[PDB]
C-alpha cells in the first residue's frame, strides 16, 4: 500500500484498542474532512521496515519504543518536532524512550509493564515467589485446574524471570549501551530459564502455550494466574473472572524485572501527510478525550499524557503495573534490539521444547544477539566475488573445450574437461578425482 495525500492510515498491534483509536480517527474526519483508517496487520513491526524502505507502509505506525531506533537508523521515520508547550504535556522519561541520537523519532503514548494477574476465587492469596508455584500447581491440579499459564512463544513474557537473578540484554555503562556486552548467558539468566524449563519438565506448564491459549485458559477460569499487560484487562472484565493485578513473584529472593515498553507512534518518513499526522497525534489522540476513547477499548497502561494519567493512576491496577515497572527497566531503542529479541525467542523456545539444553540455548543466544549484521555492500561484495570466480572458471573451460581437441564425449561436465587437461600435463586422475603424477 501507499500513503496518499489527504488520507491517514495507521498500523497498531491487534492486542491494542484499535476500535477506540478508529473512533478518534472518526472525530478527526468530522472536524477536518481527512479520512483515517486504522489497521492491525500481523507482524507489523516486521512488515513496516520491509515496505517503508521503498516508500510504502502506513502514515503512522504504533509499537513499543524498542523497535524505533532501528527504523530511524534505516531512515524510515520522520523527525518529530513538537513545540515546547506540547512536550511539557508528557512525562520527560517517556520522551527519553523515543529519543535516538539526539532526535525525537516518535510520540510516546503509554507505559506498559507486565504484572501478575490472578483469579481471586481460585486463589485469594497469590504467591509471592516463583519457587512456591510448583506446589501450588499440584494442589490446583487435584481440583481440575492449573497454577499458571502465560505466553511462552514471545520472550517478552519470560524476560522478567530471566532478568530476576541477573540476566540482562545490553549492559549500560558510561551513558551508553554496549552492543557487544550481552547478559543472556550469565548465571542469573541460566537460573531463570532453568526454573522455567523445570516447570515444563515437571508438567506445570506446556512448552507450546502461546498468547491465545493462556488468555483463553485464564478467562475461562481454568488457570489461576497469568502474566500479561494492561491491554488484556478488558477481555477479563467481559469474562466471569474475579481477577487481581499485583507484583510479579520473586525469584531467588529478587524481584522479577520486566522490560518496560512505551507504546509510541512513529510517522512514516515517506508520508505526504506529516503535518496531518502531527495534528492528529498531538491534538486528537494525545488528549484526555482521545486517550480515553482508546483506553476504554483496551487499557493503555500509564499514559504519557500527564493530565489524563492523573486520573488513570487512581486505578490500583495501574499502581500495580507501575510497581512492576519500577522493578524493571526501560527497554533500549537501539537498532540491535531486534537481534536480541529474536535470539532470546529462539533460546526460550528451544530450551522449553528440549531441543537444546538451557546452557546451549543461551550460549547461542549470546553470540547471536551480539552478531553484527553484514551491510548491503558487504553482501554485494561477496555476491560479486563469487560471480567473478565462476565467470573466470567458465571462460577457462570454454577455451579448453574449443581448442583442447580432447577426446571428450558429446556431453560431459567440466570435471571431465579438467581430467583431460590433467592427463595432457602428465597426470593420472582416477574416477573419484584422486590425482597424481
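Definition used throughout: the rigid core is the maximal C-alpha set that superposes within 1.5 Å between two forms. Numbering follows the first chain given and starts at 1.
Relative to the displayed structure, the C-alphas of 311-319 lie farther away on average in 9 other deposited structures of this protein than those of the other candidate, with 150-158 and 311-319 compared after rigid core superposition. Between stretches 255-263 and 323-331, the one whose Cα atoms sit farther from the displayed model in 9 other deposited structures of this protein on average is 255-263 (core-aligned, root mean square). Higher mean CA B-factor, judged across 158-166 and 200-208 from the recorded values: 200-208.
Looking at 179-187 and 226-234 together, the entry lists the larger mean B-factor for 179-187, computed on C-alpha atoms. By the numbers in the PDB entry, the CA B factor is greatest at 354 among 261, 332, 354, 328. Out of 376, 68, 62, 28, it is 28 whose C-alpha atom has the highest B-factor in the PDB entry. Among all modelled residues in this chain, the alpha-carbon of residue 56 has a temperature factor (C-alpha) in the highest third.
When all modelled residues of the chain are sorted by CA temperature factor, residue 46 is found within the middle third. For residue 250, the recorded CA B-factor ranks within the middle third of the chain. Only modelled residues enter the ranking. In this PDB entry, residue 10 carries a Cα temperature factor that places it within the lowest third of its chain's modelled residues.
Ranked by C-alpha B-factor against the other modelled residues of its chain, residue 396 falls in the middle third.
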